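Below you'll find the structure, written out as structure tokens, and then a few comments.
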Amino acid sequence: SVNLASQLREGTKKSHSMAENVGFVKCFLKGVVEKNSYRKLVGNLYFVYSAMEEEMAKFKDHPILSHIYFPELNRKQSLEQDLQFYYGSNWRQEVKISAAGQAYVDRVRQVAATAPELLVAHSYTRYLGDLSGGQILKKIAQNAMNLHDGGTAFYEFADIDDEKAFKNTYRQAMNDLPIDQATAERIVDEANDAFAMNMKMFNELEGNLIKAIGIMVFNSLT
Ligand code: HEM
Ligand SMILES: [Cl-]
Ligand SMILES: [Cl-]
Numbered sequence: 002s003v004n005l006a007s008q009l010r011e012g013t014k015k016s017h018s019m020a021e022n023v024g025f026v027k028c029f030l031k032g033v034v035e036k037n038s039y040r041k042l043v044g045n046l047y048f049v050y051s052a053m054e055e056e057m058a059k060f061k062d063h064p065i066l067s068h069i070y071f072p073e074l075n076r077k078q079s080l081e082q083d084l085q086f087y088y089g090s091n092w093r094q095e096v097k098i099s100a101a102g103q104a105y106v107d108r109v110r111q112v113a114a115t116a117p118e119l120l121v122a123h124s125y126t127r128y129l130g131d132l133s134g135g136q137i138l139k140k141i142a143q144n145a146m147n148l149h150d151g152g153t154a155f156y157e158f159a160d161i162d163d164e165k166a167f168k169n170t171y172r173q174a175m176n177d178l179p180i181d182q183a184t185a186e187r188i189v190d191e192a193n194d195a196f197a198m199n200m201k202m203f204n205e206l207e208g209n210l211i212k213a214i215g216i217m218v219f220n221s222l223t
């Protein structure tokens, strides 16, 4: 009805660019990532996806959300697998959520009570990004931390054979959404909001990464 697929893509161009330039991210890209700080990121996303996937299931048959309801995208379980790897068997007891992460979860829950359609901005921001960057991020992680196997279940969509073909069904799904350009714009704005929320989680880890860096180099000089 409106073609938000291209509106979201062009509309979040700037934000995605700022995302790549966050200190934490810059270091990640250049291969310097470390188990302890990255472990906290996984804990946060774990709660955000839980929130999002639970609410999305309530709207499996909603006039709008039902169109972008692909339980094949669900990351909660794979993320639990990663916590197990980074934290071990007692992970339920060691995993925690940060303030930014809580704010993130809070927004998802809020939007789900008064503007369920804004949930497409959240599904878009996470899932379509996970789908598109998943392979690059996985290798960089695997190389920078040595994860021959385990620790990257999050970047692997098991229940999706042809992912490029899924990425189309998904964009298509968005382009066939029963919404008016007015709201389609509230969705785009919400997407830029979500990006900022991801970026805030990354910034929370800057300090943890600095120490770790100082520690490895100090150990090197010694
Ligand atoms: C704040 C964290 C990030 C979020 C929320 C995010 C989300 C997204 C979204 C929603 C898209 C789909 C755009 C579209 O086709 O409409 C996308 C594309 C992509 N992202 Fe990210 N992204 C983030 C950071 C990164 C990072 C750190 C990299 C660099 C390794 C990256 C690599 C990519 C790639 C390679 C694509 C595919 C571009 C294309 O379709 O031509 N992303 N991302
Ligand atoms: Cl992009
Ligand atoms: Cl905000």
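The sequence shown lines up with residues 2 to 223 when you count with the authors' numbering.
Quick reminder that beta carbons are idealized off the backbone N, C-alpha and C, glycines included.
| query | result |
| --- | --- |
| Closest residue to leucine 42 among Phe203, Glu21, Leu222 (Cα-Cα distance) | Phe203 |
| Which listed residue (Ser221, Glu205, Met57) has its alpha carbon closest to that of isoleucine 98 | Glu205 |
| Run of the alpha helix (DSSP H) containing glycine 130, from where it starts to where it stops | 130-146 |
| Neighbour-count burial assignment, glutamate 207, 16 or more Cβ in a 10 Å radius | exposed |
| Anticipated Cβ contact below 8 Å, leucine 222 with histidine 68, distance rounded | Not a contact, Cβ separation roughly 57 Å. |
| Spatial distance of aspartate 162 from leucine 74 (CA atoms) | 12 Å |
| Reduced DSSP secondary structure (H/G/I, E/B, other) of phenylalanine 158 | coil |
| Beta-carbon proximity list for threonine 13, same chain, < 7 Å, skipping 5 on both sides | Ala192, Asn193, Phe196 |
| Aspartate 190, DSSP secondary structure in three states | helix |
| Distance CB(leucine 5)-CB(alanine 185) smaller than 7 Å | yes |
| Buried or exposed (CB count within 10 angstroms, at least 16 for buried), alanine 58 | exposed |
| Alpha helix (DSSP H) segment containing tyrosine 87, residue limits | 77-88 |
| Start and end residues, alpha helix (DSSP H) containing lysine 36 | 36-59 |
| Distance CB(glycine 151)-CB(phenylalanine 86) smaller than 7 Å | yes |
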